[PDB]
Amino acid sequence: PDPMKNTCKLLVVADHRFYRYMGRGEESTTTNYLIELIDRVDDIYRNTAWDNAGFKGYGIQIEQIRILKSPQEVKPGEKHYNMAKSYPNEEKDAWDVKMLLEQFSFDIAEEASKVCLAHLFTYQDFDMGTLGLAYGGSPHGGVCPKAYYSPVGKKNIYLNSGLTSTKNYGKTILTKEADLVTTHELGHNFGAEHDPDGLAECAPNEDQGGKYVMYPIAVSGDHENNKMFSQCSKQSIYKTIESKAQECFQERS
């Protein structure tokens, strides 16, 4: 590993919903929550041996936190990931999650071009139990900005993005659950796909430590494997990492 290129620096964005409902309308409470979360996720990454040997020490650090204290005012017909209303249905608590990720990536494009990853932290109840979403590791995008020309947006956006909501089914999720969401989405960013039932090594039973973090169904977090990457994830990311590290990773602060 290259100690000058072992860290994926993040632009972390807290939208007005997160500021209000997790941050208590305070900058300090908002930034402390995120700093602590990313540091705990970093512990997972940094300790992961991508080959099962000496290939560990890769992780994540926050470069900047943008704190949006109030909604983005918009004109009729215009949308923005930080606007007051949900889209496409203003009557729902939350956006359609795929549309929200696309919109965030559009709005943050200038900033996203200058960082390894951008991640949106929000507080809205996505339909049917969804907690987050990311580009990369889908059967493209992920670490290091990769351009996509949006025919609808009429400009390049970058696919180095993901999001986490800390609201689900009308309440704030546990911190131990929040850590898992952000680890999972960053896992896609690093190149992992979902762990399949058909590979027992990558999706163990409850009495063998339970599921690993890239399982498609939320790992509740009290089982041994829940906060670890499966061997499937490791192999996938291992192809990602060194290449991408040279491309956009920096020295750990």
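Under this definition, the rigid core comprises the largest set of C-alpha atoms superposing within 1.5 Å between the forms. Residue numbers run from 1 along the displayed sequence.
Root mean square Cα distance to the shown form, taken over structures and residues in 4 other deposited structures of this protein after a core fit, is higher for 215 to 223 when 50 to 58 and 215 to 223 are compared.
Here the rigid core sets the fit, and in 4 other deposited structures of this protein the C-alphas of 241 to 249 stray farther than those of the other stretch, out of 7 to 15 and 241 to 249. Across the other compared structures of the same protein with both neighbouring residues present, residue 130 carries coordinates in every case, with no third of them leaving it out. In at least one third of the other compared structures of this protein with flanking residues present, residue 139 is left unmodelled.
Per the record, residue 139 and residue 140 are separated by 4 to 9 deposited residues that have no coordinates. As listed in the deposited structure, the average C-alpha B-factor of 241 to 249 and of 7 to 15 is greater for 241 to 249. With 34 to 42 and 204 to 212 compared on mean CA B-factor from the PDB entry, the stretch scoring higher is 204 to 212. Note on 96, 177, 107, 73: the highest value goes to 73, judged by CA B factor as recorded. Out of 129, 162, 145, 77, it is 77 whose C-alpha atom has the highest B-factor in the PDB entry. Ranked against the other modelled residues of its chain, the C-alpha B-factor of residue 90 as given in the entry falls in the highest third. Among all modelled residues in its chain, residue 185 ranks in the lowest third by Cα B-factor. Remark: residue 194 belongs to the lowest third of its chain, ranked by C-alpha B-factor as recorded. Placement of the Cα temperature factor of residue 115 within the chain: middle third of the modelled residues, per the deposited record. Ranked against the other modelled residues of its chain, the C-alpha B-factor of residue 133 as given in the entry falls in the lowest third.
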